[PDB]
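**Q**
Residue numbers (our numbering): 92 to 279.
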């Protein structure tokens, strides 16, 4: 057919109950993730094509970058709790991968400050139980799908995007194939 299991997507032999409708995993250490976000704008083009009523979720992962990797998962929980994802995503990606000026939890914090989040507000969030549970949620979602690489996207805890079964000659075409595939899977 046009969309084939094993080609543009795979099916989880072990489906995950109660999963978010569209769930994306990434790491700020992840070079393809930088491309996805900063160059391809995958998350955004997927949104543009999703049906009525389907929300997207994006989680950070621990398994890249060691200690700073875990700090970034906690900062992303802070970003989600404060709703400032669209203000820190670019400076966090460039800080880790472009300028390489993020080397510590303090440097991560600087990005939020520079983005206009008050220190007292950032510190309160960082240390909060609501952020701890949001860290736990990110960790659980990754564990539920046995996640060992990013970027990754899952639809309804049943399907996993398979971008390798796509052409990259033209960047624009790949992004839309990716987005169209997510829409197809959502409507399944």
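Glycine included, each C-beta is placed from N, C-alpha and C at the ideal position.
Do the segment 163 to 179 and the segment 198 to 213 touch if we need at least three Cβ pairs shorter than 8 Å?
**A** These segments touch.
**Q** Taking 8 Å as the limit between beta carbons, can you name the residues of its chain near residue 277, skipping five residues before and five after?
**A** The residues are 112, 113, 141, 142, 145, 246 and 247.
**Q** What did DSSP end up calling residue 152 once you bin it into helix, strand or coil?
**A** Coil.
**Q** Specify, as a first and last residue, the run of the beta strand (DSSP E) that residue 94 falls within.
**A** Careful: residue 94 lies outside any beta strand (DSSP E) and carries neither H nor E.
**Q** Any contact between the segment 104 to 111 and the segment 210 to 228? By contact I mean 3 or more CB pairs, one from each, below 8 Å.
**A** Touching, no.
**Q** Which runs of the alpha helix (DSSP H) spanning at least 4 residues fall entirely within the segment 126 to 175, listed in chain order?
**A** Counting whole runs of 4 or more residues, the segment 126 to 175 contains the alpha helix (DSSP H) stretches 133 to 138 and 157 to 173.
**Q** Please report the distance separating the alpha-carbon of residue 263 from that of residue 132.
**A** Residue 263 and residue 132: Cα-Cα distance of roughly 10 Å.
**Q** I need the straight-line Cα distance from residue 274 to residue 148, nearest angstrom please.
**A** Computed Cα separation, rounded: 15 Å.
**Q** Please give me, in chain order, every unbroken run of the alpha helix (DSSP H) with length at least 4 that falls completely inside the segment 171 to 251.
**A** If we require 4 residues or more, the alpha helix (DSSP H) runs fully inside the segment 171 to 251 come out as 176 to 184, 196 to 205, 210 to 218 and 220 to 235.
**Q** Within a Cβ cutoff of 6 Å, which residues of the same chain sit near residue 153, ignoring the five residues on either side of it in sequence?
**A** Excluding residues within five positions, the ones whose Cβ falls inside 6 Å are 160, 161 and 164.
**Q** Just how far apart, CA to CA, sit residue 150 and residue 92?
**A** Roughly 32 Å between the two C-alpha positions.
**Q** Go to residue 276, then tell me how far its beta strand (DSSP E) extends in each direction, as first and last residue.
**A** Careful: residue 276 lies outside any beta strand (DSSP E), inside the alpha helix (DSSP H) at 262 to 277.
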